[PDB]
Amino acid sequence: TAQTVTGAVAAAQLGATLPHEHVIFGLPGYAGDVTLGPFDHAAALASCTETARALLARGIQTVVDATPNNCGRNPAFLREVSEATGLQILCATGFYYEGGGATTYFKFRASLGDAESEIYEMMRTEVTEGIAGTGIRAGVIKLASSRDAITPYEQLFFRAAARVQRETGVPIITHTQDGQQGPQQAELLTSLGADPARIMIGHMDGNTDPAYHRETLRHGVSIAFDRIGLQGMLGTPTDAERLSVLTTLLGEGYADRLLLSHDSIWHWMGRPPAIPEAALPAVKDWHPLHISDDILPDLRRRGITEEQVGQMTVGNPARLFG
């Protein structure tokens, strides 16, 4: 079964799923700007429930919230959004990448002792018992790595997650920075005994060379084209460049190991973002209704079958998360 914010749900009851989204997200440091950027709970609940109902209208019954522990994760809020709409939401356990802030606490616990075991115990408790004494369990483990290498600090989380995976069978979803480290993440996690059928290497759309994707897929892991809609923003490709690589892979029989999401943020923590005039086309399609409205119908038009679409959106997440 899949462990959601409302409880255990059967694999067959997940339906169409978006494997990587953020109901609420705050980049590390947001809590420090609480005076001018407070959290308006009522306005956040209103906006998030509206987006959730819009997703349910598209046939999307489940969303996997990939928000790391240090990036504004709020399991109680996700439960409110779920209970109000009926949309199934899975939350995460894990920390963001090293160059993403809020890294010093565990970097300090590491120089002073055994941080790997402390990280392991955090992930295990959050998966089996609950988060912050609420009883709401994490249904996935979120891992993240830097661009140039999976740093020694980041490897502490990878080894810790691999152990929780062997013991509980919990899914593992990841973040890759600037389209690099995908084969390395897959190699590391599989060598540590983590189930390749329960691993999803994320941000794989950040690379436009299909050889890189095949190199990651060699390890038997599933890969996610999860930043769909975010076009030409700080290194990210266009949706046309993403779909070109996806159709090459779909034509090579990889349908059973390919996933699709937007990595959208429904409500930002801290102050609302001031998006520049030049950056408007980049974030135009970066919302959670884009795949349902534009991508899947465009894939059907390209030659991708209803079976292949249903495999990526319903079949793969029932196996990976259920």
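Numbering starts at 1 and runs along the sequence shown.
Would 292-300 or 62-70 have the larger average of its C-alpha temperature factors, as given in the entry?
The deposited B-factors put 292-300 ahead on the C-alpha mean.
Going by the average Cα B-factor in the PDB entry, point out whether 210-218 or 231-239 comes out higher.
The stretch with the larger average C-alpha B-factor is 231-239.
For the C-alpha B-factor as written in the entry, point me to the maximum among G101, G94, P171, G202.
Largest recorded C-alpha B-factor: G101.
Out of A274, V34, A54, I265, which residue has the highest Cα temperature factor in the PDB record?
Among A274, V34, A54, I265, the PDB entry lists the largest C-alpha B-factor for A274.
Among all modelled residues of this chain, ranked by Cα B factor, put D226 in the bottom, middle or top third, i.e. lowest, middle or highest.
Tercile = lowest for this residue's CA B-factor.
Can you tell me which third, lowest, middle or highest, the CA B-factor of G7 falls into for its chain?
Highest third, going by the recorded CA B-factors of the chain.
Ranking the modelled residues of this chain by C-alpha B-factor as given in the entry, is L258 in the lowest, middle or highest third?
It belongs to the lowest third of the chain when residues are ordered by C-alpha B-factor.
Relative to the other modelled residues in the chain, which third contains the C-alpha temperature factor of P38: lowest, middle or highest?
Answer is middle: the recorded C-alpha B-factor places it there.
Comparing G139 with the other modelled residues of its chain, is its CA B-factor in the lowest, middle or highest third?
Its C-alpha B-factor belongs to the lowest third of this chain's values.
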